[PDB]
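Student: Here's a structure for you.
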Amino acid sequence: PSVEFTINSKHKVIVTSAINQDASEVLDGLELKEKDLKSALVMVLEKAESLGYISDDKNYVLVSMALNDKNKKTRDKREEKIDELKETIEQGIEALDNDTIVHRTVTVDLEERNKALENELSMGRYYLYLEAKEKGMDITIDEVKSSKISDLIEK
Amino acid sequence: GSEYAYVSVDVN
């Protein structure tokens, strides 16, 4: 399951949506667009924990972020936006304070986003998929989805 | 254009 959040220039979440049924179960019930960045990330993880989808027994989470580079002004400020974006999720992570849980962050450009749109899949998942192709391992979206993120990382 | 930026999270 993957969860996609939309934020504004003010680093404020405006729209929250789940791409998967499991994702909707955890994403649903979250009312706080103003502070969904850190709060939703930590609450969602707990929701998954309660549902049983995620187990504290060694769990890796991959988070991908993308900014609009179409604007020159945005590109320059992009470095500042990226640093703040990482910091906001960092706080959520600090909230969890779970040693067994390790986070990972990556950057996504418009090129990857366009590809994600074509495949109607989350850009974050696309990133992992890209690595799989490089490895040459026969990996598919459904198979990876059925497998845990931690399991995918460790091969 | 309305959405300035967006982020995605992959978790199983």
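Scheme for the structure tokens: letters A, B, ... for chains in order shown; per-chain residue numbers from 1; ligand numbers from 1 in order shown.
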Pick out the residues sitting within 10 Å of residue A:29, and hand them over as a list in words; count only C-alpha atoms, and ignore anything fewer than 6 positions along from it in its own chain.

Tutor: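 In the requested format, the answer is residues 40, 43 and 44 of chain A.
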
Student: Need the shell around stretch 60-77 of chain A: protein/DNA/RNA residues with any atom at most 6 Å away, counting only C-alpha atoms. Skip same-chain ones fewer than 3 positions apart. Format as number ranges by chain?

Tutor: A: 80, 101-108, 124, 149-150; B: 5-11

Student: Now that the selection is made, can you save its residues with C-alpha atoms as an mmCIF file, in the first residue's frame?

Tutor:
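Contents of the output file result.cif:
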data_model
loop_
_atom_site.group_PDB
_atom_site.id
_atom_site.type_symbol
_atom_site.label_atom_id
_atom_site.label_comp_id
_atom_site.auth_asym_id
_atom_site.auth_seq_id
_atom_site.Cartn_x
_atom_site.Cartn_y
_atom_site.Cartn_z
ATOM 1 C CA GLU A 80 15.361 24.982 0.916
ATOM 2 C CA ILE A 101 12.174 1.203 12.284
ATOM 3 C CA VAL A 102 14.562 2.792 9.799
ATOM 4 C CA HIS A 103 13.507 5.448 7.295
ATOM 5 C CA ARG A 104 14.882 6.180 3.836
ATOM 6 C CA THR A 105 14.364 9.218 1.605
ATOM 7 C CA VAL A 106 14.883 9.804 -2.114
ATOM 8 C CA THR A 107 14.311 12.620 -4.601
ATOM 9 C CA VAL A 108 11.976 12.457 -7.592
ATOM 10 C CA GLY A 124 8.109 6.151 -4.673
ATOM 11 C CA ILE A 149 9.544 -3.069 1.995
ATOM 12 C CA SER A 150 12.151 -4.422 4.399
ATOM 13 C CA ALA B 5 4.476 20.165 -4.343
ATOM 14 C CA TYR B 6 3.689 16.550 -3.486
ATOM 15 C CA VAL B 7 5.176 13.562 -1.650
ATOM 16 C CA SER B 8 4.619 9.793 -1.772
ATOM 17 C CA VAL B 9 5.265 7.076 0.817
ATOM 18 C CA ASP B 10 5.770 3.372 0.113
ATOM 19 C CA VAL B 11 5.018 1.094 3.058
#

Student: Near residue B:12, counting only C-alpha atoms, which residues have an atom at most 12 Å away, once you skip same-chain residues fewer than 3 positions from it, shown as a PyMOL selection string?

Tutor: (chain A and resi 1-3+20-23+26+44-45+48-49+51-55+59-62+125+142-152) or (chain B and resi 9)

Student: Could you tell me how far atom CA of residue A:132 sits from atom CA of residue A:19, in Å to one decimal place?

Tutor: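 Here the two named atoms are 21.5 Å from each other.
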
Student: Please, what distance in Å, to one decimal, runs between atom CA of residue A:38 and atom CA of residue A:92?

Tutor: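 Atom CA of residue A:92 lies at a distance of 4.6 Å from atom CA of residue A:38.
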
Student: Please return, as a VMD selection string, all residues of chain B that DSSP assigns to strand (DSSP E or B) on the basis of the backbone.

Tutor: chain B and resid 5 to 10

Student: May I ask for the distance between atom CA of residue A:34 and atom CA of residue A:78, given in Å to one decimal place?

Tutor: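 If I compute the distance from atom CA of residue A:34 to atom CA of residue A:78, I get 20.8 Å.
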
Student: Nearest to chain B among A:154, A:140, A:128, A:30, with distances taken over only C-alpha atoms: which residue is it?

Tutor: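 Ranked by minimum distance to chain B, first place goes to A:128.
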